[PDB]
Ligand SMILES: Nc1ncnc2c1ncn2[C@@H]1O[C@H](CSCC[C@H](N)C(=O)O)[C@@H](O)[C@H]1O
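Quick heads-up: it's one chain on its own, the form deposited without S-adenosyl-L-homocysteine (SAH), in structure tokens.
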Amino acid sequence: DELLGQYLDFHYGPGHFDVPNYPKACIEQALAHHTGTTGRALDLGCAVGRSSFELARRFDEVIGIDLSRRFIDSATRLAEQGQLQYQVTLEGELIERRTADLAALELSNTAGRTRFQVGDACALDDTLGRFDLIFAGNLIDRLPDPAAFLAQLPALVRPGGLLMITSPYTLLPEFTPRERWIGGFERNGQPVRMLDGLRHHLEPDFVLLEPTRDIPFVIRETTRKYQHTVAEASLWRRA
């Protein structure tokens, strides 16, 4: 509930600190680099759906997957009704009701091209098929088995397609057991960055489109308290 309002403002609310909407900024970058066909896209960790609705402006079908049923139900309500209402925290128990509106964002006309479903990004259904584009925003550093997640990706992207991963690389044992980290540590006195881990698992099936890019984002917790974070976006062409 509390996180739901934070995420609905994150995906559909006004900007904070003059930072552009993050889901939209991410998909703008994906679409500026996708040179393949526009039949099918996959949004992993789609949360309440802004990136999926943005992808649906260009792709014939967009599948959004998240572990949270509450998030998936909200994205589906937006797709079907065009709007929803939610609460955000002002101060303590003082709250304020808000509206998310696809029509105001020019997203309603293509909302019917989305389908949202509950799923586990580390163990996706074997019926999912392949995609022209896969977006995984703010996901990798929240998964319990990043290697299992990455092992699926060569098979899920058609040759010539695009994979986009964004992450602030916030490594925490509460989300990923240390033995499973793909980066963020030293090995033989050499630093192994998360990006090095991504390259190890994804190359040569994917080719990194250099350079990576910083994309900032702001999450609102109260009227006064925010997270302001700089994610690294890495774009990968399927060879």
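The first residue of the sequence shown is number 1, and the count goes up from there.
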property: Given 182-190 and 47-55, the range whose Cα B-factors average higher in the PDB entry; result: 182-190
property: 171-179 set against 208-216, stretch whose average Cα temperature factor tops the other in the entry; result: 171-179
property: Per the PDB entry, maximal CA B factor within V118, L163, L156, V88; result: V118
property: C-alpha B-factor winner, where the candidates are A41, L67, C26, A32; result: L67
property: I134 - Cα temperature factor, lowest/middle/highest third of chain; result: lowest
property: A75 - which third its CA temperature factor falls in, relative to the rest of the chain; result: lowest
property: Record-listed C-alpha B factor of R142: chain third; result: highest
property: Where the record places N109 (Cα B-factor, split into thirds across the chain); result: highest
property: Entry-reported Cα temperature factor of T99, expressed as the chain third it lands in; result: middle
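One more form of this protein, deposited with S-adenosyl-L-homocysteine (SAH) bound, exists but is not displayed; see below.
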property: Open or blocked, S-adenosyl-L-homocysteine (SAH) overlaid from its pose in the bound PDB entry onto this form, 2.4 Å backbone/C-beta test; result: open
property: Triplet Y7, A121 and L139 all within 4.5 Å of S-adenosyl-L-homocysteine (SAH) in the bound PDB entry via a heavy atom; result: yes
property: One residue of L42, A56, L198, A47 in contact with S-adenosyl-L-homocysteine (SAH), assessed in the bound PDB entry (non-hydrogen atom, 4.5 angstroms); result: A47
property: Listed residue that, although S-adenosyl-L-homocysteine (SAH) is not shown, lies within 4.5 Å of it in the bound PDB entry (heavy atoms), from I165, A79, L143, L150; result: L143
property: Option from 97-105, 155-163, 112-120, 125-133 whose residues, in the bound PDB entry, bring a heavy atom within 4.5 Å of S-adenosyl-L-homocysteine (SAH); result: 112-120
property: Partner proximity in the bound PDB entry: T176 to S-adenosyl-L-homocysteine (SAH), non-hydrogen atom cutoff 4.5 Å; result: no
property: Any non-hydrogen atom of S68 within 4.5 angstroms of S-adenosyl-L-homocysteine (SAH) in the bound PDB entry; result: yes
property: Partner proximity in the bound PDB entry: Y12 to S-adenosyl-L-homocysteine (SAH), non-hydrogen atom cutoff 4.5 Å; result: no
